[PDB]
Structure formats: C-alpha cells, structure tokens
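Okay, structure first, notes after.
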Amino acid sequence: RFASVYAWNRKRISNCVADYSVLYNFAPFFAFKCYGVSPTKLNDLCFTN
Amino acid sequence: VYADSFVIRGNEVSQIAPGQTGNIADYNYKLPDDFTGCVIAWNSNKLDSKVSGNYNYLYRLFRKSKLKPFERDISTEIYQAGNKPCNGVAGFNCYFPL
C-alpha cells in the first residue's frame with residue numbers, strides 16, 4: 001500500500017550498495033525523466049544522502 | 001530531400017520532435033537534435049480502419065539499448081529479462097518486443 005498525495009511517505013536511504021538495475025524489474029516505466037543526472041551514468045556515481 | 005511516411009496513434013503524435021523521450025521516440029524512431037525539415041500529420045481513421053480491426057501495424061516496446069538517430073531496428077530477437085536464458089522459448093520473462 002502507498003500513502004495519500006498530501007502526506008507522502010518520505011524515506012531516507014542510509015549507507016548501502018545501490019544497484020540501479022533491480023528497479024528495471026518493473027516493465028512499463030510510463031515516465032523515467034531524470035533531471036540532475038543522466039540515467040545511463042547512474043551506476044557509476046556516489047551520493048551523500 | 002528525404003521523406004519518411006508511417007502511421008501512429010494520436011497520443012504520441014506530439015512525440016516526434018527533437019530532444020524528446022518516450023516509447024515511439026526512443027524504441028521506434030529518434031530524430032537528431034539538430035534536425036531540419038518539417039512534419040505533417042492528418043487523420044485517417046475513417047478510411048484506414050476495420051470493424052474487427054487492423055493488426056498489420058506493430059510497434060516495438062522493449063529494447064536493450066537506446067536507438068541512435070535514423071537507425072531502423074527490424075529484428076525479431078526475444079527480450080531477455082529475469083534470470084532465465086531463453087533460447088527461443090518466448091514465454092515468461094521473455095516477451096515479444098512488438
């Protein structure tokens with residue numbers, strides 16, 4: 001279950017290994033717009049929070 | 001002068017433009033960012049449709065890599081998804097691209 005619209009369920013991801021390929025298990029991807037960074041280079045990057 | 005003619009649905013007619021992403025604009029036909037020319041679209045439902053329907057037209061939905069501009073990708077290659085190395089099974093986790 002997901003939350004409502006006015007009260008979103010914010011979560012903070014702590015230190016871990018992030019694989020930006022498991023999310024591709026979802027097929028449709030009606031929109032995958034990435035603004036700050038290019039999606040292709042999403043794997044070869046490191047983030048603070 | 002080059003002319004490319006084909007048929008699409010209305011909801012994606014806005015998708016044929018430089019610097020735009022989606023399903024038709026990424027898996028079927030991508031224009032260059034510095035493209036020059038014109039685009040024309042007209043309605044053809046009344047004389048290009050059947051009561052039972054027409055299944056002649058198919059569009060690609062899954063592709064391994066992004067399509068470079070002006071590159072036809074006619075290839076009946078079974079999609080590889082999941083962890084099962086399909087060898088032509090065309091079943092679960094291996095979809096029909098078109």
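FYI, nothing fancy with the structure tokens labels: chains A, B, ... in order, residues from 1 per chain, ligands from 1 as they appear.
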
Residues at most 10 Å from residue 28 of chain A, counting only C-alpha atoms, excluding those fewer than 6 positions away in the same chain, as an mmCIF file with C-alpha atoms, in the first residue's frame?
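Contents of the output file result-v1.cif:
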data_model
loop_
_atom_site.group_PDB
_atom_site.id
_atom_site.type_symbol
_atom_site.label_atom_id
_atom_site.label_comp_id
_atom_site.auth_asym_id
_atom_site.auth_seq_id
_atom_site.Cartn_x
_atom_site.Cartn_y
_atom_site.Cartn_z
ATOM 1 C CA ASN B 23 8.348 4.867 -26.396
ATOM 2 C CA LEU B 61 8.122 -1.852 -26.821
ATOM 3 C CA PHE B 62 11.317 -3.369 -25.360
#

Proximity of chain B to chain A: per-residue shortest pair, 12 Å limit, only C-alpha atoms, as a tab-separated table:
residue	atom	partner	partner_atom	distance
B:20	CA	A:33	CA	10.5
B:21	CA	A:33	CA	8.5
B:22	CA	A:31	CA	7.5
B:23	CA	A:30	CA	8.8
B:61	CA	A:28	CA	9.0
B:62	CA	A:27	CA	8.7
B:63	CA	A:27	CA	11.4
B:64	CA	A:24	CA	11.7
B:65	CA	A:40	CA	10.2
B:66	CA	A:40	CA	9.9
B:79	CA	A:27	CA	11.6
B:80	CA	A:25	CA	11.5
B:81	CA	A:25	CA	7.9
B:82	CA	A:25	CA	7.5
B:83	CA	A:25	CA	10.8
B:93	CA	A:25	CA	9.7
B:94	CA	A:27	CA	11.6
B:95	CA	A:27	CA	10.5
B:97	CA	A:27	CA	12.0

Can you spit out the residues from that selection as a short mmCIF file (atom, residue, chain, number, x, y, z; two decimals), in the first residue's frame, using C-alpha atoms?
data_model
loop_
_atom_site.label_atom_id
_atom_site.label_comp_id
_atom_site.auth_asym_id
_atom_site.auth_seq_id
_atom_site.Cartn_x
_atom_site.Cartn_y
_atom_site.Cartn_z
CA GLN B 20 12.02 14.24 -26.71
CA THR B 21 11.88 10.86 -24.98
CA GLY B 22 9.28 8.13 -24.68
CA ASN B 23 8.35 4.87 -26.40
CA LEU B 61 8.12 -1.85 -26.82
CA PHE B 62 11.32 -3.37 -25.36
CA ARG B 63 14.90 -2.79 -26.48
CA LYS B 64 18.31 -3.43 -24.95
CA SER B 65 19.94 -0.13 -25.92
CA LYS B 66 18.87 3.37 -26.89
CA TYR B 79 13.63 -9.97 -24.98
CA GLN B 80 15.91 -11.21 -22.20
CA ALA B 81 14.54 -10.41 -18.74
CA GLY B 82 14.84 -12.04 -15.34
CA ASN B 83 17.46 -14.75 -14.92
CA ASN B 93 10.31 -13.09 -18.61
CA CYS B 94 10.90 -13.26 -22.40
CA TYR B 95 8.38 -11.01 -24.13
CA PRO B 97 9.14 -6.92 -28.49
#

### Task
If you run DSSP over the backbone, which residues in chain B end up helix (DSSP H, G or I)? Put them as number ranges by chain.
B: 10-15, 24-27

Write the residues of the preceding selection, restricted to C-alpha atoms, as a PDB file, in the first residue's frame.
ATOM      1  CA  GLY B  10      -2.779  10.428 -31.581  1.00  0.00           C
ATOM      2  CA  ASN B  11      -1.393  10.266 -28.045  1.00  0.00           C
ATOM      3  CA  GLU B  12       2.143  10.008 -29.465  1.00  0.00           C
ATOM      4  CA  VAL B  13       1.896  12.465 -32.380  1.00  0.00           C
ATOM      5  CA  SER B  14       3.500  15.105 -30.156  1.00  0.00           C
ATOM      6  CA  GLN B  15       6.403  12.713 -29.511  1.00  0.00           C
ATOM      7  CA  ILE B  24       7.919   5.831 -30.049  1.00  0.00           C
ATOM      8  CA  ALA B  25      10.678   8.452 -29.806  1.00  0.00           C
ATOM      9  CA  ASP B  26      13.136   6.011 -28.196  1.00  0.00           C
ATOM     10  CA  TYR B  27      12.291   2.478 -29.361  1.00  0.00           C
TER      11      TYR B  27
END

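Contact shell of segment 73-75 of chain B at 8 Å (only C-alpha atoms; same-chain neighbours under 2 positions omitted): residues 28, 71 and 77 of chain B.
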
### Message
Here is a test: counting only C-alpha atoms, which residue of A:8, A:2, A:26, A:20 is nearest to residue 43 of chain A?
### Response
A:20

### Point-to-point distance from atom CA of residue 47 of chain A to atom CA of residue 12 of chain A, Å rounded to tenths
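Computed distance, atom CA of residue 47 of chain A to atom CA of residue 12 of chain A, equals 12.5 Å.
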
### Task
Write out as a PyMOL selection string the residues lying within 12 Å of residue 1 of chain B, counting only C-alpha atoms and excluding same-chain residues fewer than 2 positions away.
chain B and resi 3-4+36-38

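Atom CA of residue 60 of chain B is positioned 22.3 Å from atom CA of residue 43 of chain B.
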